[PDB]
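Trainee:
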Amino acid sequence: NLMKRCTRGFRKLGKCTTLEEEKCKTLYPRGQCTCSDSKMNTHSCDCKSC
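When we follow mature numbering (1 follows the signal peptide of the UniProt record, and there is no 0), the leftmost residue of the sequence shown carries the number 1, and every step to the right adds one.
1) Assuming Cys-24 contacts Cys-47 under a Cβ cut-off of 8 Å, what Cβ separation, rounded to an integer in Å, is found between them?
2) Do you know whose CA, among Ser-44, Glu-21, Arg-11, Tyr-28, lies nearest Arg-5's CA?
3) Looking only at its own chain, which residues have a Cβ that is under 6 Å from the Cβ of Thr-42, when we skip the five neighbours before and after it?
4) Alpha carbon to alpha carbon, how far is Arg-30 from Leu-19?
5) With respect to the alpha helix (DSSP H) encompassing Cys-24, which residues constitute its N-terminal and C-terminal limits?
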């Protein structure tokens, strides 16, 4: 278990943008993966606590 594929090096954009949530979904077949952002214009995935 553990270690999935959270982000492909942190490179998503558009405040939890669709293309971002899609990046994590279409590319990563996880159950705990999705769109994750802090408070900027760029964010990434969080399928794995990284």
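The beta carbon of each residue, even a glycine, is placed where N, CA and C say it ideally should be.
Mentor: So, from the listed chains and residues:
1) 6 Å
2) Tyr-28
3) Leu-13
4) 16 Å
5) 18–27
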